[PDB]
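Down below is the structure, laid out as structure tokens.
Because the Cβ atoms are built from the backbone with ideal geometry, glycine has one as well, and the counts that use them run over all protein chains shown. No lab work stands behind these numbers, since they all come straight from the coordinates.
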Ligand SMILES: OC[C@H]1O[C@@H](O[C@H]2[C@H](O)[C@@H](O)[C@H](O[C@H]3[C@H](O)[C@@H](O)[C@H](O[C@H]4[C@H](O)[C@@H](O)[C@H](O[C@H]5[C@H](O)[C@@H](O)[C@H](O[C@H]6[C@H](O)[C@@H](O)[C@H](O)O[C@@H]6CO)O[C@@H]5CO)O[C@@H]4CO)O[C@@H]3CO)O[C@@H]2CO)[C@H](O)[C@@H](O)[C@@H]1O
Ligand SMILES: [Ca+2]
């Protein structure tokens, strides 16, 4: 009874909190009326906590504003569920208020009140709530547990079932509400694109979808690239292709990844997920908030080099030093504006990470959000195995994750692709 694609035929929510921040920047009015997702990054964000990250609007305030904006016609608001126990286990920049052992509190003081509020809007037949479930959670249990280079926190979250059971609980509690559409976060191609990571991620998604009373029928689809920068399409780069009889996959940038962009990744992922037992009508989302890679530095065509790495590096639109460089990435631009069904199997391009909100602080900044100083957000950091022992690529003088970052907003605006 829920619509196939909740973005289809719908007006899109404009978050007034974000809109005001965008409009206050030089040239920011050009994007101030775009739809961005609303993040519930703390228990306090549910009622409203006047924080730097969520401002003066609680969940009810947003849903009332969504109803108002709808005019009685179909409208879609995106709400990010982002407060797992031991959240962001492979990093420090967005660790949170709930520790690894606090699944019970996640259920009773976070998910339950969110569900209670959303239930109150069930009588608005034209309001559609897209619930984006727990960014950078499940994929960590594949890539940052055991072996070398992972974390003890991620190992513990796998061991104690906190991520798997928390996600399942969110899926059931929110998915049983008639106008709620759940999308599971599915990392990005530069995270789980590799053979070693892809299949096990599909397995962990299926596990979570069946945990805490959930089934795959609570899962409307999946979202990739949330708060990341991976290209939607690399127009001048073929992952299967060859340069001078040599595989593109052998390049330092691709480094044996099965994919070089988000679109091919999600399309294949969709097929794998259906094969595993997810609904055949699932649709994918790609967060295009910061992946346009436009401006003067954007390649205008394929390189003419017959050297592999020169061809790859001159031809790629994603200009990062390494695909593992995730924080406040220098030179990034706004991507495609939110768009319904842009490609086969894709429900929408969306702006989930709100442009201008930081990925993390570039230094130690005292806070009560549970957030630490991650050196991947330090411009001077020389990296680690994982990122290929490379400079971080992070913008300097960055505030705490989710806080307003004027410099980043202005560069994103400048480097928008397609052009504004
Ligand atoms: O403003 C709204 C709210 O924002 C919140 O903050 C956000 C924040 O913006 C966001 O940045 C963040 O999420 C990031 C995580 O913190 C971070 O840990 C994660 O890092 C990933 C990385 O993206 C990925 O590329 C990397 O992939 C690795 C992979 O793990 C590894 O297996 C693979 O290994 C291969 C080798 O590279 C290769 O040599 C060999 O041959 O094969 C190997 C495979 O077998 O390598 C790749 C590449 O290095 O993994 C790391 C994880 O370790 O990235 C996330 C973004 O994608 O946190 C929040 C949500 O995103 C605020 O907190 C809130 O207040 C605001 O409201
Ligand atoms: Ca669908």
Kindly provide the pair-distance distribution of the chain built from C-alpha pairs, with 20 Å bins from 0 and whole-percent values in order of increasing distance. 28, 62, 10, 0
Counting alpha carbon pairs within less than 8 Å and at least 6 residues apart, what relative contact order, in whole percent, applies to the chain? 16
Taking every pair of Cα atoms in segment 117-219, average 1/r, invert it to obtain the Kirkwood radius, and report Rg/Rh to two decimals. 1.04
Taking the Cα centroid of segment 250-283 and of segment 203-219, what is the distance between the two, rounded to the nearest whole Å? 19
Give the angle, between 0 and 90 degrees and rounded to the nearest 10, that separates the Cα long axis of helix 195-209 from the longest principal axis of the Cα atoms of the chain. 0
Which angle from 0 to 90°, rounded to the nearest 10, does the C-alpha axis of helix 262-276 make with the longest principal axis of the chain? 60
Computed over all unlike Cα pairs, the Kirkwood hydrodynamic radius of segment 1-88 in Å stands at 14.2
Multiplying the sequence separation of residue 341 and residue 275 by 0.36 nm and subtracting their Cα-Cα distance, what value in nm do you get? 21.6 nm
Taking 0.36 nm per intervening residue step and subtracting the Cα-Cα distance, what contour gain separates residue 1 from residue 244 on full extension? 82.2 nm
Highest to lowest packing among 240-251, 328-339, scored as the average C-beta count within 10 Å: 328-339, 240-251
Folded to 0 to 90 degrees: helix 162-175 orientation relative to the chain principal axis, Cα: 60
Length gained, residue 68-residue 123, 0.36 nm per residue minus C-alpha separation, equals 18.4 nm
Rank by packing, highest mean first: peptides 180-188, 160-168, 204-212, 56-64, with packing defined as the count of other Cβ atoms within 10 Å averaged across residues. 180-188, 160-168, 204-212, 56-64
How high is the FRET efficiency from residue 364 to residue 160, r the C-beta distance, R0 41 Å, rounded to 0.05? 0.90
So, for the Cα atoms of segment 255-298, Rg and Dmax in Å stand at 13.9, 45
Only bridges whose two residues both fall in the chain count here: according to DSSP, what percent of them are antiparallel, nearest 5? 20
Helix-only [θ] at 222 nm, the chain, -39500 (n - 2.57) per DSSP H run of 4+, per residue, nearest 500, equals -7500 deg cm²/dmol
FRET efficiency for residue 298 and residue 386, using Cβ-Cβ distance with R0 set to 30 Å, rounded to 0.05: 0.65
Distance between Cα centroids, segment 1-49 to segment 367-387: provide it in whole Å. 27
Please give the peptides 276-283, 226-233, 290-297 ranked by average Cβ packing (other Cβ atoms within 10 Å per residue), highest first, as a rough proxy for protection. 226-233, 290-297, 276-283
